[PDB]
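Remarks on the structure that follows.
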Amino acid sequence: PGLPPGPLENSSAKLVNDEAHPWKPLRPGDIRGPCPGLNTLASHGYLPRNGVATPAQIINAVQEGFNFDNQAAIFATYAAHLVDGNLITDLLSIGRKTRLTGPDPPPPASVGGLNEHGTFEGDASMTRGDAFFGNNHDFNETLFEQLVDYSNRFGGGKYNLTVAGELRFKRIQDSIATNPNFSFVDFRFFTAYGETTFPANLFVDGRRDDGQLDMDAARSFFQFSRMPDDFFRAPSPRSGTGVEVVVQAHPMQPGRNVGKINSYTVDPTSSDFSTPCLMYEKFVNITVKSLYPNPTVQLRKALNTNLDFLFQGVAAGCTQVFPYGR
Ligand code: HEM
Ligand SMILES: *[C@@H]1O[C@H](CO)[C@@H](O)[C@H](O)[C@H]1NC(C)=O
Ligand SMILES: *[C@@H]1O[C@H](CO)[C@@H](O)[C@H](O)[C@H]1NC(C)=O
Ligand SMILES: *[C@@H]1O[C@H](CO)[C@@H](O)[C@H](O)[C@H]1NC(C)=O
Ligand SMILES: *[C@@H]1O[C@H](CO)[C@@H](O)[C@H](O)[C@H]1NC(C)=O
Ligand SMILES: *[C@@H]1O[C@H](CO)[C@@H](O)[C@H](O)[C@H]1NC(C)=O
Ligand SMILES: COc1ccc(CO)cc1OC
Ligand SMILES: [Cl-]
Ligand SMILES: [Mg+2]
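For the sequence shown, mature numbering (1 follows the signal peptide of the UniProt record, and there is no 0) gives the first residue as 27, with consecutive numbering after it.
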């Protein structure tokens with residue numbers, strides 16, 4: 027594995043929909059998944075256009091194309107790679123499972139790409155349906171139209187953090203009401219909130235950076251993986267700033283439905299926003315370790331390297347944990 031890239035040398039706003047990075051349609055075999063950011067980077071050639079990439083390629087692409095901040099890029103990328111990528115070949119699919127990531131490790135590891143439900147991807151996404159309903163990765167028009175409606179109602183026709191706060195809660199309540207397997211704990215509990223800020227922070231043209239995303243731009247990213255014509259990236263590195271507004275709108279406890287609709291039951295063993303270090307510790311000790319309980323020599327080495335890289339993205343104050351020793 028390569029070292030995690032460092033922050034941008036020059037993080038100014040600039041044209042990112044440029045001559046070197048044109049949008050192109052999908053070819054047969056090209057993979058897109060549940061993340062409109064990575065999808066857009068692949069469809070503009072910031073990532074390989076087939077949607078299979080190394081962690082270093084992903085980190086460079088999110089920084090260069092969108093000004094995603096370095097710490098956030100490192101944590102997300104290595105978390106995804108650990109649970110969804112091939113640690114020997116150093117390749118991760120941004121969507122469905124593919125033979126392009128190379129020879130698989132033994133069960134119970136899945137190397138399922140970002141489409142793998144319950145590892146990184148989870149329920150109550152804004153524009154993708156819950157995995158229980160049959161498709162956790164494709165753009166959903168009905169859900170996008172709901173995003174438009176919430177933008178009309180709470181954002182004057184634009185998507186902003188106020189809209190995010192209301193839509194985040196709506197999606198949770200809809201999953202509680204209809205998905206008997208709804209899960210909203212630990213890693214998904216965190217990412218579900220942060221992801222709702224990303225359209226306001228990163229899909230807004232960086233010459234404005236006003237947190238007000240228009241619906242034409244929103245559809246372009248969410249549906250077509252396409253930057254608006256003349257799109258400038260954000261003017262400074264960021265990811266989840268303003269997530270507090272989203273949480274404050276409708277504070278929730280982590281929990282799950284318990285095999286029936288309308289049975290949301292709080293999980294006191296889950297991390298929440300009061301215990302961010304616990305979220306990291308459980309991700310490593312439980313989630314990663316369960317996929318690789320007794321790895322062979324070359325896998326153990328790759329796990330430890332990628333776990334070291336993951337820890338670079340963890341907020342200062344947390345203690346590193348070592349599931350396979352040092
Ligand atoms: C840094 C590497 C990144 C990885 C590995 C990644 C991966 C993912 C995954 C797997 C999801 C699905 C979560 C869910 O179940 O809803 C997701 C959600 C999302 N990501 Fe990313 N992401 C990354 C960075 C970014 C960036 C830079 C952007 C924007 C520039 C972005 C925008 C989004 C949005 C908007 C969603 C929610 C989509 C929806 O709910 O419809 N992500 N990401
Ligand atoms: C950084 O990039 C911007 C936009 O491309 C440019 O205007 C600026 O002068 C660059 N800064 C340095 C120090 O080169
Ligand atoms: C149902 O929930 C469990 C974990 O609570 C998860 O392993 C499983 O993949 C879920 N499946 C769907 C389709 O939601
Ligand atoms: C999209 O989401 C809606 C609302 O949850 C759902 O009823 C529909 O089956 C989903 N799929 C498609 C292909 O529209
Ligand atoms: C969202 O837009 C609405 C209408 O313009 C406005 O009242 C609200 O303050 C905005 N919220 C943010 C966080 O910009
Ligand atoms: C994770 O495992 C380490 C031992 O490697 C231990 O110190 C730590 O308390 C564990 N944390 C959790 C949340 O299980
Ligand atoms: C910055 O942390 C994240 C990076 C990527 C995703 C998925 O788009 C979720 C994150 O946590 C909010
Ligand atoms: Cl940064
Ligand atoms: Mg999802």
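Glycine is no exception: its CB is placed at the ideal position from the N, C-alpha and C atoms.
Have a look at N166 and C344 and give me their C-alpha separation to the nearest angstrom.
-> Within the model, the alpha-carbon separation for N166 versus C344 is close to 38 Å.
Considering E307, what are the terminal residues of the alpha helix (DSSP H) in which it resides?
-> 302 to 308
How many Å lie between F348 and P225 at the Cα?
-> 35 Å
Runs of beta strand (DSSP E) lying entirely within the stretch 82 to 114, each at least 3 residues, in chain order | none
Please state whether DSSP places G285 in a helix, a strand or coil.
-> coil
Who are the Cβ neighbours of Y104 in its own chain at under 7 Å, not counting the five residues just before and after it?
-> Its chain contains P81, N332, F335, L336, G339 as the residues whose beta carbon lies nearer than 7 Å to that of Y104, once the 5 sequence neighbours on both sides are disregarded; these appear in chain order.
Shell residues, 6 Å Cβ cut-off relative to heavy atoms of ligand 3 | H143, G144, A157, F158, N207, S209
Have a look at the DSSP bridge pairing and note the partners of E221.
-> Residue pairing for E221: DSSP places it in no beta bridge.
Can you name, in chain order, every residue of its own chain whose Cβ lies under 6 Å from the Cβ of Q346, other than the five neighbours on each side?
-> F337
Same chain, Cβ closer than 7 Å to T115, five either side skipped, listed in chain order | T127, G128
Which same chain residues, not among the five before or five after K123, have their C-beta less than 6 Å away from its C-beta?
-> Closer than 6 Å at the Cβ level, and outside the excluded window around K123, lie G138, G139.
Taking the CB atoms as reference points, tell me whether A68 and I85 lie closer together than 8 Å.
-> no
Please list, in chain order, all residues of the same chain as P62 whose beta carbon is under 6 Å from its beta carbon, the five residues on each side excluded.
-> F247, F248
Between the Cα of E90 and those of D242, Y72, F101, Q97, spot the shortest distance and give me the residue it belongs to.
-> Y72
Less than 8 Å between the CB atoms is what I'm expecting for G59 and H163, so what's the real figure, rounded?
-> 5 Å
Does the distance from the C-beta atom of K50 to that of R75 stay below 8 Å?
-> By the CB criterion at 8 Å, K50 and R75 fall inside the cutoff.
Can you say whether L29 is buried or exposed, counting buried as having 16 or more other CB atoms within 10 angstroms of its CB?
-> exposed
Specify the secondary structure class of residue 353 as computed by DSSP and reduced to three states.
-> No answer is possible for residue 353: the residues shown for the chain start at 27 and end at 352.
Could you name the residues of the same chain whose beta carbon sits closer than 7 Å to that of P261, not counting the 5 residues immediately before and after it, in chain order?
-> So the qualifying residues of the chain are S38, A39, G232, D235.
Cβ neighbour criterion (16 or more within 10 Å) applied to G183 | Here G183 is exposed, its C-beta having fewer than 16 other C-beta atoms within 10 Å.
What first and last residue would you give for the alpha helix (DSSP H) that runs through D175?
-> 167 to 180
Just how far apart, CA to CA, sit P133 and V323?
-> 16 Å
Reference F215, options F170, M278, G181, closest by Cα | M278
Around ligand 6, which residues pass a check of Cβ closer than 6 Å to any of its heavy atoms?
-> The answer, residue by residue, is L304, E307, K308, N311, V347, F348, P349.
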